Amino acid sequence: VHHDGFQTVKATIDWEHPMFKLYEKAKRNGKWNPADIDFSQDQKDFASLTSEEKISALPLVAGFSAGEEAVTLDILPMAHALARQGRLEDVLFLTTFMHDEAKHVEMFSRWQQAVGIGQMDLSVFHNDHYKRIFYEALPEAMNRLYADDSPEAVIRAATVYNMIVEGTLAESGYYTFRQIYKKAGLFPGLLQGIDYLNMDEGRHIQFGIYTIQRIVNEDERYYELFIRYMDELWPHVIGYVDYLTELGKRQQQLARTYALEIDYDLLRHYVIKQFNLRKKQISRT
């Protein structure tokens, strides 16, 4: 559809817009380059592992690898919908979001190549619950925005992408990674990438909060919609978490070798903690 004007010809940018401030922060804090990470020690660590120690780590790399690729493809509709609404600053920020997710896909792929599991097909570690989030509810809530950019539709998209997938599952997976391999001294390069990802993630979640909150503020009925959609997806969050935990408990050889006290009951409380505190970053008024 035609352009009926431009905002930097009639006016300029709203330099005070929060998303323009988040865009500035993204440029300042987002220079990291996955190609600069040294994985030579990760290749050694992975080689050194038993075959059952090798398996131990893969499920979590599987969920992250697919999940990074999901959001890289699935954030595009949000940028379309905000663009077409004239939210120039949001769009400017989303170009950093999309580039972040591209580096995230690059990072996990370079690790896989480095430790020798590139060809390996990690799809096996996506159970039914994971697919229901990432293969289904995520792409549907985002793609919807190409035809339906109502406040409800925008809230549901930010809830699934930013509050659940990033704000709940990715946050908990970063924690999990540290709680396990930071303790073992394993996979230094991967953990360097995880810290980089975690930092980017903070801005991803902050776009979600601002997007959800700016719609709640127009009509508090949408607060209810937000809590509802969060609760709708919790079964699949926790059923993927339960499944990964069951995998962890029958794969105990890396825990023993490295004297890791893998407290799965605690990881599970972190997930529950993340989910509830995302709810609490949305105010009903």
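Residue positions are given as counts along the sequence shown, with the first one as 1.
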item	value
64 to 72 or 251 to 259, whichever carries the higher mean Cα B-factor	251 to 259
Greater mean Cα temperature factor according to the PDB record, 50 to 58 or 37 to 45	50 to 58
Highest recorded Cα temperature factor - choice among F97, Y181, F207, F134	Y181
Entry-reported Cα temperature factor of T245, expressed as the chain third it lands in	highest
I272 CA temperature factor, ranked by third within the chain	middle
Chain thirds of CA B-factor: placement of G189	middle
CA B-factor placement of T168, once the chain's modelled residues are sorted into thirds	lowest
Third of chain Cα B-factors occupied by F125	highest
